[PDB]
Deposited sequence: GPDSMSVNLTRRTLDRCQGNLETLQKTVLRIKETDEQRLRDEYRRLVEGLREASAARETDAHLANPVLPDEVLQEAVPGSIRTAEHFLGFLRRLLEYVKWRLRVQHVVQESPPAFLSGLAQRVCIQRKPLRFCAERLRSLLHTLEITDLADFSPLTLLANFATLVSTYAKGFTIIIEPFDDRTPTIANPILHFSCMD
């Protein structure tokens, strides 16, 4: 659900996954670049399944480099000798400081990974369950970093002559 556990061994399997993906992308660059251009066109100007994919993770290779920097940050953080607890904003602040990853592209990580796996036509999906777990972590920690808030508006702007107050429960405050 909204919980994710990442073990050191899981991250080792993610590193294996990224190795595989990188070799596949190099092969496709040598054999069939059109598939990559088609994915790019879909991401920047076409069908997805709101906000545009951030320009830092549009191409397959830029996104793979992004995932390597994320993985390396997370591996670094796990070299503790005692329990550590911190807020999502502190984790993201360390991420930005150490490997230059910002919160917004993190939001897109799971979808971008699903697109990349579909584009490389990788048939088996369980093969990449560790990397997907990392992508999910990236999305959850970025999306829900500031927790939730309740906003009560005394009336709806659409119908300003009636008393139709609105309660909003959502992220980002």
item: Where the deposited sequence has no C-alpha coordinates (positions from 1, in order); value: 1-3, 53-73
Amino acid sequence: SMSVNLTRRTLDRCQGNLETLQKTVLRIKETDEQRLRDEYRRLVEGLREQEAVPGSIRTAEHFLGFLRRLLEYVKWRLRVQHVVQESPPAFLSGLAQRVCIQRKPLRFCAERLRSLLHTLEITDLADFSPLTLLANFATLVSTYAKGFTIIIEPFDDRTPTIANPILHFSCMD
From here on, numbers count along this sequence of modelled residues.
item	value
Higher-B stretch (mean Cα B-factor, as the entry records it), 88-96 or 74-82	74-82
Selected stretch [higher average CA B-factor]: 116-124 or 53-61	116-124
Largest Cα B-factor, entry values, listed residues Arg68, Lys104, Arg37, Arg48	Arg48
B-factor third for the C-alpha atom of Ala145 within its chain	middle
Ranked C-alpha temperature factor of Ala110 among modelled chain residues, by third	lowest
Third of the chain, ranked by Cα B-factor, where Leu133 sits	middle
